[PDB]
Every structure is written in structure tokens, then in C-alpha cells.
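# Descriptive analysis of the structure
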Amino acid sequence: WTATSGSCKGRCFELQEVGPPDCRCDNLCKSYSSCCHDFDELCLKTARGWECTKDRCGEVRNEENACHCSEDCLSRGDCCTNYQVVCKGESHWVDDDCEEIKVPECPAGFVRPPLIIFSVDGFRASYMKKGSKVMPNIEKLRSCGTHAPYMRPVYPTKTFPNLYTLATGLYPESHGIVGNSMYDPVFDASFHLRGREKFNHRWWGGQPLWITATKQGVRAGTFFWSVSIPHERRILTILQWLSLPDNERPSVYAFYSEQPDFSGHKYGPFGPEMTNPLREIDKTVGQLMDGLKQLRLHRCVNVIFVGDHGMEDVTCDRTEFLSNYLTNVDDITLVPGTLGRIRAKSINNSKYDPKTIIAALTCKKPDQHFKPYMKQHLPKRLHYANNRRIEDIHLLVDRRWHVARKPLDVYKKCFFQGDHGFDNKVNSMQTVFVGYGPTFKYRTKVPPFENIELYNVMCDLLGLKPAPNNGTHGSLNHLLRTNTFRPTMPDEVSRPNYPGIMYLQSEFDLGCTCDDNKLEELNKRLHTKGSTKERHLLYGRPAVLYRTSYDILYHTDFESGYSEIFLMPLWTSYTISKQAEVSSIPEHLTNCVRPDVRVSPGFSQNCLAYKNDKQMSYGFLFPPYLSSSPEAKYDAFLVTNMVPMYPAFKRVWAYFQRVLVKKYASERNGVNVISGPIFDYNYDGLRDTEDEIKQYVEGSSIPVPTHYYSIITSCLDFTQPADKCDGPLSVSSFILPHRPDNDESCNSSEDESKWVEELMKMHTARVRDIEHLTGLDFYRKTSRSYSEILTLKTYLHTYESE
Ligand SMILES: *[C@@H]1O[C@H](CO)[C@@H](O[C@@H]2O[C@H](CO)[C@@H](O[C@@H]3O[C@H](CO[C@H]4O[C@H](CO)[C@@H](O)[C@H](O[C@H]5O[C@H](CO)[C@@H](O)[C@H](O)[C@@H]5O[C@H]5O[C@H](CO)[C@@H](O)[C@H](O)[C@@H]5O)[C@@H]4O)[C@@H](O)[C@H](O[C@H]4O[C@H](CO)[C@@H](O)[C@H](O)[C@@H]4O[C@H]4O[C@H](CO)[C@@H](O)[C@H](O)[C@@H]4O)[C@@H]3O)[C@H](O)[C@H]2NC(C)=O)[C@H](O)[C@H]1NC(C)=O
Ligand SMILES: Cn1c(C(=O)NC2COC2)cnc1COc1cc(Cl)c(C#N)cc1C(C)(C)C
Ligand SMILES: [Ca+2]
Ligand SMILES: [Ca+2]
Ligand SMILES: [K+]
Ligand code: NA
Ligand SMILES: [Zn+2]
């Protein structure tokens, strides 16, 4: 209950709440059924519309008008945005030439350039080129400011996950807004876009920008706009706030547009009906920039024009129905559409089986347009698992499709021609970034980047210290003229041991066997002491950022950091030149495993455990196939180079090592490879401590990895060899799930040449993702700036067309 007969007089769009039961005149009051009786009359004026006409110039103020053309309007801060154009012979901001903003040009009393975030729902990246003819304001922002060809949203590519990611710098798994609908099980509560539940603060984790600002003494405008407030009024409201006195004026503001998403769902992303929504958003940008320019703020404010997600062609007929797969389809609840999430209709059902549900959805029809996953098996790049609101069973749905429980769900709601929410790598889901203002660069194109990165930058733009987030602070310094964040490298926590030969062969009882001139006797000593190390370790040794015991082992062909705790390398580094030769594992060396006389029996793996473990086999991190010489090949069979591998997974690994490494070296003019295990048994994206490991090689202390990674680096200028590169680098990385079956790959019964590389592409990763999962820090010794390296560590190779 509210006493909704106080008044909004003098308080329209007041910046602080007032506590029920006073009545409200802030922006949310509609949404809580709580505005004062006179809110619409006083605060939502519409009389005479939104534009000055010659006949209104110098009018007598009439307080009923929506905006003013009276001589007093600039000082009252409430002119129509086109007032100076119509009534003082001024030019529209869009008609003015682009002129570099080297320094903020602000009115007196401004402590810092304000930031305006202008968010557009469903604004797909390719609209910047495809709609360029009808968005002149937007195109000027883009060509004169700083822009990316596109910005990568987070998964799922839905509105609230992506805008709350923008505001927090956090993955949805961490901020808690994991879809446009959710069910929390420890709230028996359901979040939806409709309704009032979404407004409860319990859903919304992390620390959004407006709170970071407020806590550090910087005031914020509203970020949520009620749907019934028209855009023209949202803009006038921002401009009025900007005329407040210094002690009261916000420094950060947001404007949100429901378009073009709203029309896109109806008409498809490039429907003829889409030209007009783009025209209209452009006009609204025009109103803001003309308003800023009247208030002498157009060379003072930093503007970010950003989208939440794109839009794809999706229709009712492209719907897969779980009823066509399952018989038990009334025992489940599906969160449906462009992704699926499945749980049990009732948790008084000890006879509901995830395993049987997954099997019943796996590779069941030849062109099946979704793929089931347990959430912990989803590609690690999606970061979509470590939250109780994300159901254990997930369906990744093909672009252009939907999933539904039963047909009646689809005709008892074709309506719609567009949708979004697919995998964030999909071209049609990419969205936009433009930064314009004194703090951004002038006429600069930057590479595509992820929206998780923007919170740090917005904090930098406002002089705020960011709360802990998933951005990599520094990775976007190249967007900025000034206000850059001087990142430094994390300190190494554990220093390596450098063991020599300390053990005689007979001290080992590992149950292994192998079948095994003075000029090249010094030669091999030199190799075991790190003579080839400049070649195989090109960017320094990775730093270990936690407390552990590990040894650097040198070899002719590869260098490794060997963990005494996990009994296997944390990392193994090797360089394959364009000219390198692939060779086989000789018949006599098929089962060869050799004790390493540098490492104690008690810190070694053993072959018996692998013999006794009927599920578990082993592979090698430096591949024997890429040995430089028959003699060097013996090094690849050291027990220190061995890692546990499911036979099923060995098919993937062997193909990668035997065929694909050499392909990449030939295509990229050599490659440096760093490979290793990852342990993420609690699927939190972070390196497991050893007491978190849930699986060991039977009857041993050898832990089984959940994943294997590789980082593959070369020269960006591919005319230079990887090992003699003078300038910027090029990387691609992956985090492959270490699974005992290849059920993920529907074509796995075929030759590896038809499915393996497809799997690896799906599991493409950023170097930064591997950093989180290993506690390692890469690229510590290069000739590049640290900022550039941070950019490199955030790169994702997406394997999409353009
Ligand atoms: C992306 O960036 C983010 C942000 O930096 C990274 O997330 C951080 O990860 C840290 C490590 O996992 C984590 O630190 C823990 O936090 C506990 C304090 O938690 C509360 O307070 C903070 C501060 O204001 C708050 O942010 C937290 O918010 C979470 O919880 C609420 C729900 O209750 C949500 O509204 C919100 O969205 C957020 O949810 C997310 O995080 C939780 C975990 O915190 C997940 O479960 C959710 O799914 C969701 O993702 C909290 O309100 C603190 O108590 C922890 O300390 C214990 O744990 C460690 C052992 O690992 C140990 O050192 C301590 O001694 C202690 O042990 C004792 O507690 C154990 C557990 O109760 C118990 O088992 C033991 O036996 C002991 O009793 C710990 O410090 C930090 O909170 C999150 N922050 C966020 C915002 O998510 C994320 O890792 C990054 N991702 C990548 C991939 O890099
Ligand atoms: C999405 N939205 C709606 C909306 O969906 N209305 C629907 C339900 O009724 C019709 C209304 N106003 C907004 C803008 O919100 C934001 C904007 C920005 Cl720029 C940022 C940031 N950073 C964050 C948000 C939040 C507050 C979502 C987190
Ligand atoms: Ca949206
Ligand atoms: Ca973990
Ligand atoms: K075995
Ligand atoms: Na298969
Ligand atoms: Zn939408």
C-alpha cells in the first residue's frame, strides 16, 4: 500500500527514492504501481510535441508544454533539443564536421567529463554497414570516435544477462542473471521479464556501475526506464539532470531503447520493416547530441553507443520438439526457445534420470538442430555452469532454430520472424560498440572485444576503482586517449626447482618398460641444461601464481614445468617450424615409458596403475611424432611427459598432435605450442586445489584432468617464422573436455579428419580462460607492451565467417 496522493510538484524524476508510503516521482514508480496522483500530469507532459517551430521562438513560457522554445529555456535546462537550430540559426550536431577532441571542453564546475551509456536492444553488428544510409548521427559517432567492427555479448545472448554483464563486468554465472527467465531452487522462485519478481534485489548479484559510482562519491542517473516513458522524454530528462547544480548533478547516465529488438522479433533482422526503427534510433541520438551541443557539453561528455545482442532469422516451423525424442516428456520442465534448460517437474521423484534424458537427446536424428550437455561439459568459453539457477541439463540450439517441449507450447502461446539467445560466438548475435568523447581516441578502429571488458573502462572513464570482475583491466587501454589503467604483471608465487640427475634407474619400480660416440655426449648434456630453450620457450616461462612444488625439465625438443604435487606437467612448451617433419612411433617403442632420473620415484607416475585401470590409458604432452631425431624421440617417452587419457579422448589428442600441429605450423609459418592439463571438478572456471579432485587413476595418487589445453602462438606477420618474430603475435587456444566417450561428436564413428577439428573449434578458448583454470601467467617475456599482451590474452579465435 502507498498513500498515492502526495504530489510530484517540483520533484519530477527525482534522483533518490522516497520510502513508501510517501508517493514516488522517480522513474520506477509506474513499475511498483506507486506514482503520486499527478505524476503523468506534471512529469509526462506531451503538449506541442518535441520540436521547436519558428512560430514558438521566443514564446512566453507555458509550463504545460513538453519542452520549451521560450528565451529562458537554456537556463531552465528544458528547451526542445532543436531550439538553437530552429530559433538561433545553429547547425544540427550531425551537420558539423568532425573535429578532434584533444581535451575535455566543459562548462565551469564540471569536475570530470560525464559518461552517457546509450544502450540499444537487438542492435546487430552488421546494422552499422547495412543501415548506414539511414543512421547519419550514429555513423558520425562511429567514424569520428572509437569503434569495433563488433562486440561479443555473453551467453545466453538475451537482454538482462547482457545488460547486467555490461553494468558489472561479470559473467552471468557470477552476477546471477543467467537468463530472461530463471528458477532459483533455494527460493522455489521464478524470475520472468513480465511481472514484479524481477524487481526483487535477491536476483541481482555483483556490484553494478551505479553502486560503484555512488559508493565512491559519484552520482548516477537511472539505468532502468519505464516502458511507457517515451524516448523523447528520457532524453529531455537526461539533459535536465545535466543542468542540475554541481553538488546535485550525476556524472553517469544511461538511455535504453527497446528498438530495434522489438521490431526484429516481428520482422526478422533485415525485414523491410526494420529501416524505420533504425531511422528512429538515429533521430534520438541526434536529439541527444543537439541537446548536449546547446548545453555546451558536446565536446565534454563521453558517449558509449552499445548493444546487448544481435538478432537472427527464426520462425515457428524451425522448432524441434522434445516430445519427438522423449516418451517421458511430462516428467520435465523445459526453459525453451533459443536455448534449452531441463529439470524435473517434481523433486519428489527419485526416479527421474538425467543420464537417460541426455542419452535420449543425443544424436537421435541426422540433422538434429540442438545438442544436449551436462552444464559442466559446455565449452568453457561460455562460462555457463557455476550457478544453482543453471539447470544441470542444457541444450545448445543451432542458430535459426528453437526448442520446445511439445507442439501445443508453440501454437497455444506464425507470430515471429526473429530471435536471439544462441551461443555468443554466432555472427548474428554480435552487437555494437562505439565510444565518442574527449577520453576516447579519434577516428580509431579497434579489434572486436567482449562486453565483460567495458565495466573496467567505464570505471576508468569516471575515476572509479572497479569492483572485482571478469574483465582483464588494461586489455581495452587501446580504446582510450587518456585515463588508461597501468596494469602490472602478477608476481610469481612459486619459484621452480632445476633438478639434475639424482636417481639411478634401479631405484624406480614403476612397472614401465622401454626398448633401450663422444662428440654428441656433451651435445645432450647441453640439451638437458637448456641449450635449445630459447627456441622452445619463446615468451619466457609461465609464472606459477600459487604455492606449489614444481621442477623445470629441459629437453632437446621441449621444456616443461613438472608438478611434484599432481605428478605431471602443469605446462609443456615446444616450437614446430614450418620445415619440421612428422614421424611415427616406431613399433619397438609403442609401449615405451622411461623413468626420469631427474625426478624421484615418489614424485613419478607408474605404468602399473594404468594397467590396472581398465578405463584409463595415457598420452604424452610433447608429441613423439614431432621428435627432431630418433635419439631425441626417447625424451618424449619420459614418465614426466605422460598424462592420463581415456582411449576415446586419445583419438582426439593423437589427431591434434599427429596431423593438426604440423598443419598449423605450415599455415602460420611455425608455431609455438604450450599444452597442459586442467582440473575443474567444481566447474567454477578456476584451478582446483588437490583436495577438490574427484577422480584418480585407479589405485594411485595420479589425478585425472577434466580438460586439456593448448595455446598456439605465431607471428602476426606470417612472413616471419614463429621463432624469429619481431612484432605482434597471433594466438589460438582450446580447452578440450577430457571425456571417456565422444558422444558430443555425432560423426565420431568416422575418421578423425571429419570430426576432430570441428570439436576443437567448438572448444576454442582465450588465453585468459586457461590462466584462470591453471593459476599460470603466460607471455611474461616478450618485446610487446603489457597492454598489448593483455589484449592478446583476451582474444578468442571464433571460426565464424564475416
Ligand atoms: C569472475 O569474477 C568474479 C568476481 O571477482 C569471481 O567471483 C568471485 O569468486 C571468488 C572465489 O570463488 C568468491 O570468493 C568467495 O566468496 C565468499 C563471499 O561471498 C559473498 O560476499 C561477496 C562480497 O560482497 C559477494 O559477491 C558474493 O556474491 C555471490 O553470492 C550471491 C548468492 O548468495 C549472489 O547474489 C552473487 O551473484 C554471487 O553469486 C556467485 O558467487 C557464489 C560464491 O561466492 C557462487 O556460489 C554463485 O553460483 C555465483 O556464481 C557472496 O554474497 C566467501 O565466503 C568465500 O570464502 C570461502 O571459500 C574459500 C574456499 O574456496 C576459502 O578461502 C574461505 O576460507 C571460505 O571457506 C569457508 O566457506 C566455504 C564455503 O562456504 C566452506 O565450504 C568452508 O568449509 C569454509 O566454511 C570466497 O571468498 C567471490 O564471492 C566471487 N564473487 C562473485 C561476485 O561471484 C569469479 O571467480 C570470476 N570468474 C572467473 C571464471 O574468473
Ligand atoms: C532493459 N531495460 C528495460 C526493460 O527491459 N524493460 C522491459 C521490462 O519492461 C519492459 C528498461 N530499462 C532497461 C535498461 O536497463 C539497463 C540499461 C543499461 Cl544501459 C545497463 C547497463 N550497464 C543496465 C540495465 C539494467 C538495469 C537492465 C541492468
Ligand atoms: Ca535485448
Ligand atoms: Ca575449480
Ligand atoms: K588402462
Ligand atoms: Na559420437
Ligand atoms: Zn529480444
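Positions along each chain are numbered from 1 by the written sequence. They may not match the entry numbering, and residues without coordinates are not shown. For this description, chains carry letters from A and ligands carry numbers from 1, given in the order in which they are written. Side-chain numbers here rest on the full set of heavy atoms in the structure, without hydrogens or water. Residues with missing side-chain atoms are left out of burial classes, side-chain pairs and their counts.

This entry lists X-ray crystallography as its structure determination method and reports a resolution of 1.7500 Å.

Attention shifts here to the overall build of the protein chain. In terms of regular secondary structure, the protein chain is built from 22 helices and 29 strands. C-alpha atoms define the radius of gyration, and 2.2 Å times the number of residues to the power 0.38 defines the globule rule. In terms of overall dimensions, the protein chain is globule-like: its C-alpha atoms have a radius of gyration of 30 Å, near the 28 Å expected for 802 residues. Principal-axis analysis of the C-alpha atoms places the extent of the protein chain at approximately 105 × 60 × 45 Å. Secondary structure follows DSSP: runs of H or I at least 4 residues long count as helices, runs of E at least 2 residues long count as strands, and numbering of each begins at the N terminus.

This brings us to the site of ligand 1. Throughout, the term near means that a residue has one or more heavy atoms lying within 4 Å of the molecule or strand in question. Every one of the 13 residues lining ligand 1 counts as a neighbour, but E173, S174, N386, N387 and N470 are closest to it. For the purposes of these results, a polar contact is taken to be a pair of N or O atoms within 3.5 Å, where, inside protein, one atom must be able to donate a hydrogen and its partner to accept one; residues adjacent in sequence count only when each atom of the pair is a side-chain atom. Contact distances for ligand 1 include 3.5 Å between an oxygen atom and a backbone N or O atom of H175. Measuring from an oxygen atom of ligand 1, one finds a backbone N or O atom of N386 at 2.6 Å. In the complex, the protein chains occlude 34% of the 1,500 Å² of accessible area that ligand 1 would expose alone. Note on areas: these come from Shrake-Rupley sampling with a 1.4 Å probe, and a residue is covered only by the protein chains present in the view.

This brings us to the side chain of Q657. If you trace the backbone, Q657 turns up in helix α19 (residues 647-668). Classification of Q657 by relative accessible area gives buried; the value is 3%. Throughout, a contact is declared for two residues whenever any of their heavy atoms are within 4.5 Å. Every residue in contact with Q657, bar those within four places of it in the chain, is listed here: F620, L621, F622, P623, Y625 and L626. Only protein chains enter the accessibility calculation, which uses a 1.4 Å probe; a residue whose area is less than 20% of its type maximum is buried, one above 50% is exposed, and one in between is partly exposed.

Turning our eyes to something else, we now look at helix α21 (residues 767-774). Where burial is concerned, most of α21 is hidden: 7 out of the 8 residues are buried. Contact partners of the buried residues in α21: β25 (671-678), β26 (707-715), β27 (729-737), β28 (764-765), β29 (776-777) and α22 (786-794). Just downstream of α21 lies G775, where phi reads positive at about 70 degrees.

In this section: the pattern of salt bridges. Salt bridges are counted wherever a side-chain nitrogen of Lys or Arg sits within 4 Å of a carboxyl oxygen of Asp or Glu. For the coordinates displayed, the defined rule picks out 47 salt bridges. Of the charged contacts in the structure, one is a salt bridge between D40 and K30, with a shortest N-O distance of 2.8 Å. Here the residue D40 occupies a position in helix α1 (residues 39-43), and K30 occupies one in the segment before α1, the gap between them amounting to 10 residues. Linking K88 and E71 is a salt bridge whose minimum nitrogen-to-oxygen distance equals 3.0 Å. Taken together, the residues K88 in helix α3 (residues 83-88) and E71 in the loop between α1 and α2 (73-76) connect sequence positions 17 residues apart. Look at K88 and you get partly exposed, because its relative accessible area is 41%. Exposure remark for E71: the relative accessible area of 55% places this residue in the exposed category. Each of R61, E63, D72, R76 and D78 takes part in salt bridges that share partners, so that together they form one network.

Let us look at the environment of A722. Relative to the elements of secondary structure, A722 occurs in the loop between β26 and β27. Here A722 falls in the buried class, since its relative accessible area comes to 7%. As a C-alpha pair, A722 and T556 span 166 residues in sequence and 18 Å in three-dimensional space.

This paragraph deals with the packing of helix α5 (residues 136-144) against helix α11 (residues 275-294). Helix axes are fitted only over the stretch in contact, all axes being lines through C-alpha atoms; the angle between N-to-C directions runs from 0 to 180 degrees. Direction vectors running N to C along α5 and α11 enclose 65 degrees, while the axes themselves pass 7 Å from each other. On the basis of the axis angle, α5 is roughly perpendicular to α11. For the pair α5 and α11, contact is made by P136, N137, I138 and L141 and by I281, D282, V285, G286 and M289, respectively. Note on terminology: angles under 35 degrees are roughly parallel, angles over 145 are roughly antiparallel, angles of 65 to 115 are roughly perpendicular, and the others are oblique.

Before going further, it helps to spend a moment on the coordination of the calcium ion (ligand 4). For Na, K and Ca the donor cutoff is 3.2 Å, while for all other metals N, O and S atoms must lie within 2.8 Å; water is not among the atoms, so some sites may look incomplete. Within the protein, the atoms that donate to the calcium ion (ligand 4) are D680 (OD), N682 (OD1), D684 (OD), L686 (O) and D688 (OD), at distances of 2.3 Å. Spacing between the donor residues of the calcium ion (ligand 4) along their common chain follows D-x1-N-x1-D-x1-L-x1-D. Given a relative accessible area of 4%, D680 falls into the buried group.

Turning next to the packing of aromatic side chains. Side-chain rings of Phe, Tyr and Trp, where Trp is taken by its six-membered ring, are said to pair if the distance between their centres is within 6.5 Å; with planes under 30 degrees apart they count as stacked, over 60 as edge-to-face, and otherwise as tilted. All told, the structure shown has 39 aromatic pairs when counted by the stated rule. When the centroid spacing of 5.4 Å and the interplanar angle of 90 degrees are considered together, the rings of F123 and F305 count as edge-to-face. Remark: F305 occurs in strand β7 (residues 302-307) and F123 occurs in the loop between β1 (115-121) and α4 (127-130); sequence separation between them is 182 residues. Each member of the pair, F123 together with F305, is buried. Ring-pair connections join several aromatic residues into one group, and the members of that group are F160, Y164, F187, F191, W203, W204, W210 and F223. The rule is short: NZ of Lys or CZ of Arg within 6 Å of the ring centre and within 35 degrees of the ring normal puts a charge over the ring. Over the aromatic face of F187 sits the side chain of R388, whose NZ or CZ is 5.1 Å from the ring centroid.

Moving on: the site of ligand 2. In the vicinity of ligand 2 there are 14 residues, among which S119, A167, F223, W225 and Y256 approach most closely. Between a nitrogen atom of ligand 2 and a main-chain N or O atom of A167, the distance comes to 3.4 Å. A distance of 3.0 Å separates a nitrogen atom of ligand 2 from a polar atom in the backbone of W225. Bound to the protein, ligand 2 loses 88% of the 620 Å² it would expose on its own. Broken down by secondary-structure element, the contributors of at least two residues to the shell around ligand 2 are β1, α6 (159-168) and β6 (252-260). In terms of residue count, α6 provides more of the shell around ligand 2 than any other element does, 5 residues in total. Basically, the charged four are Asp, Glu, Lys and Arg, the nonpolar ten are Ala, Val, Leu, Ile, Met, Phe, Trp, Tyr, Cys and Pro, and anything else, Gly included, counts as polar. In the shell around ligand 2, the residues fall into 12 nonpolar, 1 polar and 1 charged.

Okay, the coordination of the calcium ion (ligand 3) next. Summarising the metal site, the calcium ion (ligand 3) is bound by the protein donors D121 (OD), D121 (OD), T159 (OG1), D308 (OD) and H309 (NE2), whose distances to it range over 1.8 to 2.6 Å. Along the chain, the residues donating to the calcium ion (ligand 3) fall in the pattern D-x37-T-x148-D-H.

Regular strands place their side chains on alternate faces of the sheet. Of all 6 residues in strand β11 (residues 339-344), 5 are buried; the element is thus mostly enclosed. Here, any two strands with at least 2 DSSP bridges between them count as paired. Relative to strand β13 (residues 393-397), β11 runs antiparallel, the two sharing 4 bridges. Its bridge partner being in β13, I342 is matched across the sheet by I393.

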